[PDB]
Amino acid sequence: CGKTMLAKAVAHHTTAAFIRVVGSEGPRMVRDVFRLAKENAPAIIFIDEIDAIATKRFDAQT
Amino acid sequence: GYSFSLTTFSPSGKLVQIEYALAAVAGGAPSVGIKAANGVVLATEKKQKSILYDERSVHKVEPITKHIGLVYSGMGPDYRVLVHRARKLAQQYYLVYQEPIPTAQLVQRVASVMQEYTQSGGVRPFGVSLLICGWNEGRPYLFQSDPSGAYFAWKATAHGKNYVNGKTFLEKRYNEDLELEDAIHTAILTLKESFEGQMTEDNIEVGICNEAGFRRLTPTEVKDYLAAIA
Amino acid sequence: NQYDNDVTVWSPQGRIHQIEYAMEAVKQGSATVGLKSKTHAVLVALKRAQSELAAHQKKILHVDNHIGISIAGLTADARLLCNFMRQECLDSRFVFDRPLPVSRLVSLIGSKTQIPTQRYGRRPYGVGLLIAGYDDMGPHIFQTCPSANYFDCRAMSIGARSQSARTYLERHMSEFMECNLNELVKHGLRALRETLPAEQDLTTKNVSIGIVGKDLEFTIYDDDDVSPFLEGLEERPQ
Amino acid sequence: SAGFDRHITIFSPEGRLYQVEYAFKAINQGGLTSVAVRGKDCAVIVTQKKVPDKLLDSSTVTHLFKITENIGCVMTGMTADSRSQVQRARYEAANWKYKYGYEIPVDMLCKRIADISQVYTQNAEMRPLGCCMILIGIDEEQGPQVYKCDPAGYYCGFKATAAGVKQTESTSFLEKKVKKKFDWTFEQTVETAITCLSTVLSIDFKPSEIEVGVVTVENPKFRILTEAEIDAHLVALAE
Amino acid sequence: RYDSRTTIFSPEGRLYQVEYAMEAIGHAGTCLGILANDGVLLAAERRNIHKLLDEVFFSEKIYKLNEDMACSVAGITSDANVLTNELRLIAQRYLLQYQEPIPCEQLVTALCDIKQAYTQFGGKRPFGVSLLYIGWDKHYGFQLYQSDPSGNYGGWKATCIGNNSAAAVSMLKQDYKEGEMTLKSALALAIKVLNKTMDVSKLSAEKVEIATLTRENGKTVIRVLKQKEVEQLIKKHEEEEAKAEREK
Amino acid sequence: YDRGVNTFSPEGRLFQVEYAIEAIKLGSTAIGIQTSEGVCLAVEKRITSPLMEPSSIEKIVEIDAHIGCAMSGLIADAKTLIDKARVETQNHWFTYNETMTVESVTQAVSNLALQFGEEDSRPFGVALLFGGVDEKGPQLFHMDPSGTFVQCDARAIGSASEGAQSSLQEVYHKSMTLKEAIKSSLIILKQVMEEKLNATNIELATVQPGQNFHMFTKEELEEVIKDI
Amino acid sequence: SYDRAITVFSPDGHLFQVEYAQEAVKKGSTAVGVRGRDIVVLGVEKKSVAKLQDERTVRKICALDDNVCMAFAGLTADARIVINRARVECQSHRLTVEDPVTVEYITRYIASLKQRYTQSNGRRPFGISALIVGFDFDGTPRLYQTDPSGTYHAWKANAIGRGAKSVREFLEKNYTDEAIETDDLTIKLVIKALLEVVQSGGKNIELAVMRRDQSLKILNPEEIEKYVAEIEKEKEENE
Amino acid sequence: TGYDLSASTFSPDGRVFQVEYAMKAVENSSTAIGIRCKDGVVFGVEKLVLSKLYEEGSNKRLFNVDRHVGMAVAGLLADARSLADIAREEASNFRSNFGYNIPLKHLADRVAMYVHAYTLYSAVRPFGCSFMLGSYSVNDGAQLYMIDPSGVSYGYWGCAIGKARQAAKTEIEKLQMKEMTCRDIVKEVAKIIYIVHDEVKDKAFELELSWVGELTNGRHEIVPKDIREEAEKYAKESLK
């Protein structure tokens with residue numbers, strides 16, 4: 001629909017750097033993603049189809 | 001998580017599978033039930049996915065007895081099962097006592113049924129939530145029975161898609177002194193407010209309990225309230 | 001493996017590996033030989049020794065005055081099947097005073113063993129059986145397996161180290177048809193001796209024999225009875 | 001994703017019955033379409049008869065069945081599941097006929113079949129039957145009925161419907177036919193069904209490739225149209 | 001896995017599932033039975049919170065088993081409903097056999113044994129219901145009893161379960177009253193505990209559901225309190241807290 | 001292949017019942033000797049504390065006036081098996097009035113044992129020795145959770161089964177008097193199994209064909225104690 | 001194959017779930033029973049009566065026969081279940097059998113019930129152990145212990161529960177092989193341990209006595225404190 | 001692996017892939033063929049020999065369904081024996097109830113239901129066999145029906161099961177079974193079986209024939225090939 005499209009457009013027009021990770025891609029990965037964001041101050045992070053990791057919480061089994 | 005089985009608790013003491021059943025609820029078609037001063041109005045959406053489906057051939061509002069009406073928000077077949085069970089239970093109450101079953105007694109019996117489907121390791125609960133409208137001893141009753149086996153008393157409520165919108169709407173636009181006609185107007189208004197897409201005779205169906213008798217409004221009457229009104 | 005826990009589960013091979021594992025459990029049992037002539041049907045079993053002061057276990061059972069068995073498998077399954085044949089021959093003699101034909105008995109064995117092989121949580125019957133009998137239609141030697149398959153064999157051998165005995169039986173099948181009881185029983189004893197290692201040979205400890213004939217009730221000869229059959233038979237040179 | 005679909009009596013986090021939709025796949029059964037249309041005094045079903053090999057007897061590979069002198073049934077699904085479902089239909093029809101003294105209505109028979117399918121849906125004891133059935137019948141002075149009955153336990157009556165390989169194309173074609181004002185004769189209804197099948201499938205449609213069942217108020221016997229009748233209709237729509 | 005089925009202990013011997021059931025109880029609407037003499041009470045503020053909830057029974061937390069027997073609910077709703085119904089059938093069994101009102105402890109046992117029998121079988125879920133009983137019988141008269149999911153039961157003059165159960169029982173122990181602590185003082189103490197345990201300022205009448213047993217004519221009466229007496233009691237406790245401020 | 005007997009290994013063996021054999025191994029040791037004079041059984045109590053009644057641990061029992069038993073393993077269901085053996089003798093003798101062959105008693109116990117995957121639980125994790133006399137011969141027999149059973153002349157089960165079995169095999173021969181067999185078995189038990197003999201941890205029961213009374217050894221060990 | 005179940009064995013062959021039951025017994029409070037020259041005495045500790053918890057209701061000591069008495073240490077729900085079963089069994093045996101109940105038979109009954117309940121899938125064992133004292137050992141006292149493995153043994157004096165390691169050794173230190181003259185002396189000896197186990201508070205010694213001919217006898221806290229004072233006088237001798 | 005573990009759950013791409021494993025088991029077995037001549041039905045089956053140990057004419061794979069109903073099977077042999085037993089039971093049930101011989105369509109459909117219903121339940125598995133039934137009703141016609149492990153029942157003029165489904169069907173397609181009669185049908189069947197790998201890799205086998213025809217009285221009999229062995233001679237002449 002253009003969710004990534006408009007984000008990319010904003011990244012191009014503004015001085016920002018555009019870093020992207022899809023939710024299907026543990027916590028160390030998130031740490032590295034935010035750290036790599038920190039290396040460029042105006043840089044943008046994007047999570048694509050995040051819901052898989054952000055699904056409603058409850059008692060986890062395995 | 002603790003959802004592939006129904007007969008085991010979670011460490012937080014949560015029956016997870018039944019809340020998955022409740023999540024199946026409110027994903028179905030919207031429905032709203034309001035108790036007026038006199039009557040009890042239950043409205044539900046009946047849009048056909050295509051012109052193929054015959055709107056006059058199927059119904060969702062069902063009279064369990066000539067003074068009890070049932071509406072639901074869930075997959076159809078489980079609702080059919082519980083309608084069959086409720087009709088037989090009301091008839092057996094009539095046989096036992098020679099009295100027409102009051103609203104609360106039928107509601108608690110159906111709640112006990114939905115309860116008995118909440119145990120064991122090879123079954124699942126009904127994924128349907130129910131509004132029961134009834135007349136008992138001159139008093140109008142509206143009840144909600146939900147897959148957990150519990151039931152609640154409501155002067156007004158709604159569930160289905162956009163159900164929180166229904167809660168807000170009936171919180172704002174409601175008073176218990178409503179006349180019957182204004183009550184049906186409120187019912188169609190909240191149905192539309194939760195609704196997406198056009199609404200006519202073929203798209204909505206409603207059922208009204210009055211102390212003399214309960215009846216499901218014809219599509220023409222559902223249009224008369226639905227169109228040229230509101 | 002993913003598809004090897006129960007017989008109810010098929011394998012992508014088009015096989016049920018649990019049934020094959022039951023076959024292997026049968027192969028775990030000691031060797032047994034069966035062979036028939038126009039005069040007699042004889043079976044012989046290699047009674048596994050447990051110690052020099054314990055009884056060598058019985059591997060030939062008697063269930064009918066014209067029917068006998070030799071087992072190779074978990075003793076419990078084989079002996080309760082033996083009780084099952086007890087029931088059927090007794091009720092047949094009750095019904096029509098008939099010594100139950102061997103072929104129909106073996107077919108019933110197969111049909112009953114089939115039921116576990118297609119149902120969850122119930123082990124198929126991990127025994128292999130050789131059945132000897134004489135009936136109004138002929139002499140009969142059958143073999144039954146946990147796959148519920150049943151076969152008729154003029155000569156057969158089931159159990160561990162059997163391949164040599166099976167080859168010996170293949171060779172002497174050309175003999176057995178017109179052989180006499182003495183010839184048949186001595187050839188069967190040698191068939192069993194073919195299974196054994198070099199230092200192990202026929203002796204009253206390890207050998208059990210069962211005979212059914214057109215003129216004699218099926219009898220199991222053990223201990224002293226084995227002595228005249230073995231005496232006079234050729235010893236084993238290296 | 002994995003876990004809420006290994007067993008039938010499990011609700012997904014969104015409340016989705018995975019195995020119901022999962023059985024809905026086997027309804028495809030590439031080779032049949034089962035288009036059914038209702039006309040002013042008639043009810044028509046036509047199914048596509050895809051025979052893979054010649055040596056089979058043509059009569060045995062049929063997919064249309066009857067449970068009442070005035071009731072016709074058609075199938076789309078796994079053939080064994082098909083025959084089991086229609087046999088349960090015979091069972092229910094015979095029991096209703098014995099108990100009430102008159103044969104079962106088509107709406108009640110769809111209700112009973114959908115009820116059993118729902119029964120296997122709600123309980124983990126038995127797999128739901130991977131097949132979809134369509135019924136045509138008559139009810140007194142009030143009309144002809146076409147009913148679709150599905151493994152989910154759902155059922156409904158229609159002006160027309162088609163559960164087939166060209167699902168959305170056939171359904172949209174029938175909607176387009178009905179969303180333009182016109183009358184409905186027996187030949188017009190059969191013409192609509194045949195045109196739907198031919199256009200969505202685009203095959204030249206020799207007679208042996210389809211089978212037609214029908215019921216009509218003037219002759220309420222359920223009939224399977226003979227090859228002569230179906231070829232007459234084929235040339236009628238061809239010319 | 002151990003805690004996936006009710007039939008498995010810990011290596012320590014503990015049973016996780018009943019512990020999970022009491023953790024579930026930890027959610028329940030706060031409900032207590034107060035310490036009293038010549039009368040008993042079992043106050044249970046209704047946790048249901050929505051102005052459009054109709055409360056047509058005027059009672060969804062207290063269920064009368066007989067005009068000398070009442071019980072509360074703290075736990076699973078459908079389980080509690082079926083369990084209270086089963087209480088009624090068991091009391092009916094005893095009465096229909098003997099034509100005599102059941103002793104409190106005997107009914108308490110019978111239910112707790114039934115619950116235990118359900119738990120200790122496999123393929124079945126333990127009832128996540130803790131509940132309190134107030135009753136009068138021939139052997140001991142006024143009695144209040146505690147029961148847990150595992151089928152345990154105990155005698156308590158005053159007890160509380162639900163949200164902030166530990167706080168409620170602790171302060172009941174702090175301002176423990178004995179002897180001359182008759183029924184009206186028990187209503188006052190229940191008002192105090194409900195005000196302390198709940199977050200609401202100026203505790204609302206509809207939020208609370210109160211019941212009490214008093215021996216009228218030796219035939220006993222169990223009352224579920226209406227709006228007026230609840231309003232009076234809560235307003236009196238408010239002005240009593242004001243009086244406590246007056247000392248400053 | 002871990003859930004029960006209804007699963008077969010690649011080599012066919014059931015990975016449930018071998019654990020029952022090892023459950024035999026965790027039990028107290030037990031010995032049995034067959035002689036033409038009489039059949040004898042011995043068992044170690046493992047009396048946890050002498051404050052217990054040593055006779056309370058029924059590790060040595062009398063099924064009937066002609067037949068006694070010993071067992072090793074989980075013990076708990078061994079008593080159930082002794083109960084089955086006693087009911088077997090009672091029923092068969094009261095019906096037929098002919099003495100139960102100890103072979104037949106062991107056969108009936110085996111028939112009970114075959115009720116964990118053969119109908120419609122778990123194998124009885126315990127092994128047994130039976131010592132009996134009958135009108136046709138004095139015999140000793142051995143039983144194991146698999147339901148198979150064997151006649152033996154000198155048998156040992158339980159913990160330390162291998163060493164005790166080796167010594168018992170070495171001391172045995174076919175013409176021994178029961179006194180020499182008993183003394184050899186007792187001295188073997190003393191050297192390998194625990195310690196010097198005493199009334200609170202050892203048990204002996206012997207049976208002879210012409211003696212339906214006192215198939216036990218009780219309150220007479222003193223002569224052995226000074227003369228072992 | 002690890003434990004993970006009730007009816008399966010680890011390669012060692014021991015049922016670890018029975019071990020878990022015995023540890024579930026181990027987490028319970030103290031319980032030490034004895035038999036004397038003629039009488040049997042018992043005192044239970046760890047009452048810990050918390051104010052509104054009136055100590056009478058929980059019934060730490062139950063007498064279920066014309067004369068026999070014990071509760072069960074472990075989890076009390078199964079304790080009361082075996083209580084109901086013991087009531088039914090003792091009354092039924094007294095009604096049906098030509099002679100009344102004996103302690104040996106009822107102890108075998110409890111052991112067999114525990115074993116039978118354990119010996120099945122999906123059926124939790126009673127994680128409870130008990131010490132039974134009875135009179136009709138031909139008019140003599142004797143004491144038995146029952147263990148969740150369904151096992152029953154005979155003791156002159158036994159301890160189970162939180163003090164099992166300690167009190168038993170205490171018994172091994174001082175259980176006189178001299179038959180206890182003045183059975184009140186045995187009562188003082190057992191009260192010593194029943195107190196010393198729980199911090200010798202003197203408040204939770206809740207005690208029963210039966211002289212092997214009498215019916216149930218109970219000791220009030222003051223009369224038990226009398227024996228406690230005699231034991232204190234005996235202990236003060238070291239000066 | 002996915003969800004193809006039992007025949008009660010729709011595996012991905014709804015086809016269960018379980019009863020398809022049963023069909024895979026069917027493919028492992030030797031070939032059986034069945035023809036309907038102008039007035040009769042003939043079945044021809046090959047069966048492996050165990051060894052020189054094996055007794056001749058043992059564990060044969062033709063089976064009697066009923067006095068007039070004949071059976072040919074392929075797949076798991078013991079499952080075929082159980083299927084023959086239940087088919088005999090069904091035939092006896094109809095024979096006792098209706099008082100006359102069962103039409104083969106009804107019996108075939110009932111056995112198809114037995115197999116199908118066995119495919120569903122979780123505690124059980126689909127049959128690892130597929131089979132043909134044949135009969136003649138002197139009143140109106142001849143009849144043949146073939147059933148797969150799924151429960152699908154269809155009729156054929158010529159049908160084949162085993163390790164050579166399609167190749168055997170190519171062999172059968174060019175016969176004149178449209179008008180041809182059974183007496184040379186047996187010869188054609190024997191030579192067709194010998195054509196498709198008689199003993200090329202598998203050393204030895206036994207050939208068994210079954211027959212139900214009006215000239216055969218319409219009952220089920222095993223063809224007396226001992227008479228001058230004309231079909232055997234023809235099948236061995238098939239050498240080139």
# chains A, B, ... in the order shown; residues from 1 in each chain; ligands from 1
>>> interface_residues(of="chain G", to="chain F", cutoff="8 Å", atoms="only C-alpha atoms", output="list in words")
residues 1, 7, 8, 9, 10, 11, 12, 13, 14, 115, 119, 120, 121, 149, 150, 151, 153, 154, 155, 156, 157, 158 and 172 of chain G
>>> residues_around(residues="residue 90 in chain C", least_positions_apart="3", cutoff="9 Å", atoms="only C-alpha atoms", output="number ranges by chain")
C: 64, 85-87, 93-95, 99-100
>>> residues_around(residues="residue 29 in chain H", least_positions_apart="5", cutoff="6 Å", atoms="only C-alpha atoms", output="list in words")
residues 74, 75, 162 and 163 of chain H
>>> select_by_dssp(residues="range 73-212 of chain B", states="strand (DSSP E or B)", output="PyMOL selection string")
chain B and resi 73-74+123+128-136+139-145+151-154+156-159+204-210
>>> write_last_selection(atoms="C-alpha atoms", output="mmCIF file, in the first residue's frame")
data_model
loop_
_atom_site.group_PDB
_atom_site.id
_atom_site.type_symbol
_atom_site.label_atom_id
_atom_site.label_comp_id
_atom_site.auth_asym_id
_atom_site.auth_seq_id
_atom_site.Cartn_x
_atom_site.Cartn_y
_atom_site.Cartn_z
ATOM 1 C CA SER B 73 -21.611 -12.560 17.328
ATOM 2 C CA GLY B 74 -19.637 -15.611 16.227
ATOM 3 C CA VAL B 123 -13.051 -30.438 22.834
ATOM 4 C CA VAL B 128 -19.791 -17.276 20.034
ATOM 5 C CA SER B 129 -21.174 -14.639 22.401
ATOM 6 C CA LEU B 130 -24.913 -14.291 22.823
ATOM 7 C CA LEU B 131 -27.537 -11.686 23.666
ATOM 8 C CA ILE B 132 -30.766 -13.029 25.164
ATOM 9 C CA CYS B 133 -33.819 -10.765 25.216
ATOM 10 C CA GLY B 134 -36.824 -11.896 27.214
ATOM 11 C CA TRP B 135 -40.009 -10.991 29.047
ATOM 12 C CA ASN B 136 -40.639 -12.436 32.511
ATOM 13 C CA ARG B 139 -40.238 -7.319 33.423
ATOM 14 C CA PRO B 140 -37.933 -7.044 30.392
ATOM 15 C CA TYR B 141 -34.529 -8.745 30.607
ATOM 16 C CA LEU B 142 -31.374 -8.526 28.516
ATOM 17 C CA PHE B 143 -28.512 -10.921 29.203
ATOM 18 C CA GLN B 144 -25.147 -11.757 27.665
ATOM 19 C CA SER B 145 -23.718 -15.278 27.665
ATOM 20 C CA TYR B 151 -23.244 -14.332 31.868
ATOM 21 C CA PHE B 152 -23.874 -10.658 32.574
ATOM 22 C CA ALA B 153 -26.831 -8.315 32.993
ATOM 23 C CA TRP B 154 -26.967 -5.382 30.575
ATOM 24 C CA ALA B 156 -27.354 -2.093 26.828
ATOM 25 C CA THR B 157 -24.275 -3.646 25.235
ATOM 26 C CA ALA B 158 -22.753 -4.628 21.904
ATOM 27 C CA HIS B 159 -20.078 -6.903 20.497
ATOM 28 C CA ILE B 204 -29.887 -5.632 8.778
ATOM 29 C CA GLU B 205 -32.195 -7.751 10.902
ATOM 30 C CA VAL B 206 -33.631 -6.933 14.320
ATOM 31 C CA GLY B 207 -35.733 -8.653 16.983
ATOM 32 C CA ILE B 208 -37.946 -6.964 19.580
ATOM 33 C CA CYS B 209 -39.156 -8.455 22.860
ATOM 34 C CA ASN B 210 -42.358 -6.974 24.236
#
>>> interface_residues(of="chain A", to="chain B", cutoff="9 Å", atoms="only C-alpha atoms", output="VMD selection string")
chain A and resid 58 to 62
>>> select_by_dssp(residues="range 2-230 of chain B", states="alpha helix (DSSP H)", output="ChimeraX atom specification")
/B:16-24,76-97,103-116,163-172,180-194,219-226
>>> closest_atom_pairs(of="chain E", to="chain G", cutoff="8 Å", atoms="only C-alpha atoms", output="CSV")
residue,atom,partner,partner_atom,distance
E:1,CA,G:4,CA,6.4
E:2,CA,G:4,CA,6.7
E:6,CA,G:124,CA,7.8
E:7,CA,G:124,CA,4.6
E:8,CA,G:124,CA,6.9
E:9,CA,G:20,CA,6.2
E:10,CA,G:20,CA,6.3
E:11,CA,G:20,CA,5.0
E:12,CA,G:23,CA,5.7
E:13,CA,G:24,CA,3.8
E:14,CA,G:24,CA,6.1
E:35,CA,G:52,CA,7.9
E:112,CA,G:77,CA,7.7
E:113,CA,G:81,CA,6.3
E:116,CA,G:77,CA,6.4
E:120,CA,G:124,CA,5.3
E:121,CA,G:123,CA,5.0
E:122,CA,G:122,CA,4.1
E:123,CA,G:122,CA,6.9
E:150,CA,G:77,CA,6.7
E:151,CA,G:77,CA,5.4
E:152,CA,G:77,CA,5.4
E:153,CA,G:58,CA,7.2
E:154,CA,G:58,CA,5.5
E:155,CA,G:57,CA,5.2
E:156,CA,G:53,CA,4.6
E:157,CA,G:52,CA,4.6
E:158,CA,G:52,CA,5.7
E:159,CA,G:52,CA,7.6
E:173,CA,G:51,CA,7.4
>>> residues_around(residues="residue 184 in chain F", least_positions_apart="3", cutoff="10 Å", atoms="only C-alpha atoms", output="ChimeraX atom specification")
/F:167-168,171-172,178-181,187-190,228
>>> atom_distance(atom1="CA of residue 103 in chain F", atom2="CA of residue 116 in chain G")
27.6 Å
>>> atom_distance(atom1="CA of residue 118 in chain B", atom2="CA of residue 79 in chain E")
9.6 Å
>>> atom_distance(atom1="CA of residue 184 in chain H", atom2="CA of residue 69 in chain H")
21.2 Å
>>> closest_residue(among="B:191, B:70, B:6, B:83", to="chain D", atoms="only C-alpha atoms")
B:6
>>> closest_atom_pairs(of="chain C", to="chain F", cutoff="8 Å", atoms="only C-alpha atoms", output="JSON lines")
{"residue": "C:5", "atom": "CA", "partner": "F:7", "partner_atom": "CA", "distance": 6.2}
{"residue": "C:6", "atom": "CA", "partner": "F:7", "partner_atom": "CA", "distance": 6.7}
{"residue": "C:18", "atom": "CA", "partner": "F:8", "partner_atom": "CA", "distance": 6.5}
{"residue": "C:21", "atom": "CA", "partner": "F:12", "partner_atom": "CA", "distance": 5.0}
{"residue": "C:22", "atom": "CA", "partner": "F:12", "partner_atom": "CA", "distance": 5.7}
{"residue": "C:23", "atom": "CA", "partner": "F:12", "partner_atom": "CA", "distance": 7.3}
{"residue": "C:24", "atom": "CA", "partner": "F:12", "partner_atom": "CA", "distance": 5.0}
{"residue": "C:25", "atom": "CA", "partner": "F:12", "partner_atom": "CA", "distance": 3.7}
{"residue": "C:26", "atom": "CA", "partner": "F:12", "partner_atom": "CA", "distance": 7.4}
{"residue": "C:28", "atom": "CA", "partner": "F:12", "partner_atom": "CA", "distance": 7.3}
{"residue": "C:53", "atom": "CA", "partner": "F:153", "partner_atom": "CA", "distance": 5.3}
{"residue": "C:54", "atom": "CA", "partner": "F:152", "partner_atom": "CA", "distance": 4.0}
{"residue": "C:55", "atom": "CA", "partner": "F:151", "partner_atom": "CA", "distance": 5.2}
{"residue": "C:56", "atom": "CA", "partner": "F:150", "partner_atom": "CA", "distance": 7.9}
{"residue": "C:57", "atom": "CA", "partner": "F:150", "partner_atom": "CA", "distance": 6.8}
{"residue": "C:75", "atom": "CA", "partner": "F:148", "partner_atom": "CA", "distance": 6.3}
{"residue": "C:76", "atom": "CA", "partner": "F:147", "partner_atom": "CA", "distance": 6.1}
{"residue": "C:121", "atom": "CA", "partner": "F:6", "partner_atom": "CA", "distance": 6.1}
{"residue": "C:122", "atom": "CA", "partner": "F:6", "partner_atom": "CA", "distance": 5.6}
{"residue": "C:123", "atom": "CA", "partner": "F:6", "partner_atom": "CA", "distance": 4.5}
